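> Pasting a structure here, questions to come.
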Amino acid sequence: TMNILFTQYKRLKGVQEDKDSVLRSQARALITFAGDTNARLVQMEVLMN
Amino acid sequence: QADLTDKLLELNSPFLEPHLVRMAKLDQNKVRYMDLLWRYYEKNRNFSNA
């Protein structure tokens, strides 16, 4: 689920800043859902900036 | 004013960063210039300031 998320996120990033923001928001939501979740969320946020 | 935020973000001018900072410090639309400068960071690989 997280991979599909980040893939759609890149699709939207590739309108740009908003796309990346929504991506990081989705990451943080899925993170709080399940720390490896949160670690992956923040690390992806840092990997996309 | 013209709301062409992208081209502004593309401007490679040495006055860009400080002007954005001064605007976000003195204007009443702190949100506007703040978000703008954050994006301006995210573009130039300037991660931490973003």
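Convention: chains lettered A, B, ... in structure tokens order; per-chain residue numbering from 1; ligands numbered from 1 as shown.
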Can you check which residues of chain B have any atom within 8 Å of chain A? Use only C-alpha atoms and format it as a PyMOL selection string.
chain B and resi 39+42-43+45+47
> What's the 12 Å shell around residue 44 of chain B, counting only C-alpha atoms, without same-chain residues fewer than 2 positions away, as a ChimeraX atom specification?
/A:49 /B:9-12,16-17,37-42,46-50
> List as a ChimeraX atom specification the protein and nucleic acid residues near residue 19 of chain B, meaning an atom at most 12 Å away when only C-alpha atoms are counted, but skip any in the same chain fewer than 4 places from it.
/B:8,13-15,23-27,33-34,36-37,40
> Tell me, in Å to one decimal, how far atom CA of residue 25 of chain A is from atom CA of residue 45 of chain A.
9.1 Å
> So that I can see what lies close to residue 13 of chain A, please list as a ChimeraX atom specification the residues with an atom at most 9 Å from it, counting only C-alpha atoms and leaving out residues fewer than 6 positions away in the same chain.
/A:19-20,23
> Please dump the current selection as a short mmCIF file (atom, residue, chain, number, x, y, z; two decimals), in the first residue's frame; keep N, CA, C and O atoms.

```
data_model
loop_
_atom_site.label_atom_id
_atom_site.label_comp_id
_atom_site.auth_asym_id
_atom_site.auth_seq_id
_atom_site.Cartn_x
_atom_site.Cartn_y
_atom_site.Cartn_z
N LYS A 19 1.53 18.56 -5.14
CA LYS A 19 1.62 17.11 -5.25
C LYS A 19 2.54 16.53 -4.20
O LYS A 19 2.18 15.56 -3.51
N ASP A 20 3.74 17.10 -4.05
CA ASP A 20 4.67 16.60 -3.04
C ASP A 20 4.09 16.75 -1.64
O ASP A 20 4.28 15.87 -0.78
N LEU A 23 1.61 14.06 -1.08
CA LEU A 23 2.36 12.82 -0.90
C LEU A 23 2.83 12.68 0.54
O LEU A 23 2.62 11.64 1.17
#
```
> As an exercise, work out the distance from atom CA of residue 9 of chain A to atom CA of residue 22 of chain A in Å and give it to one decimal place.
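Spanning atom CA of residue 9 of chain A to atom CA of residue 22 of chain A is a straight-line distance of 7.7 Å.
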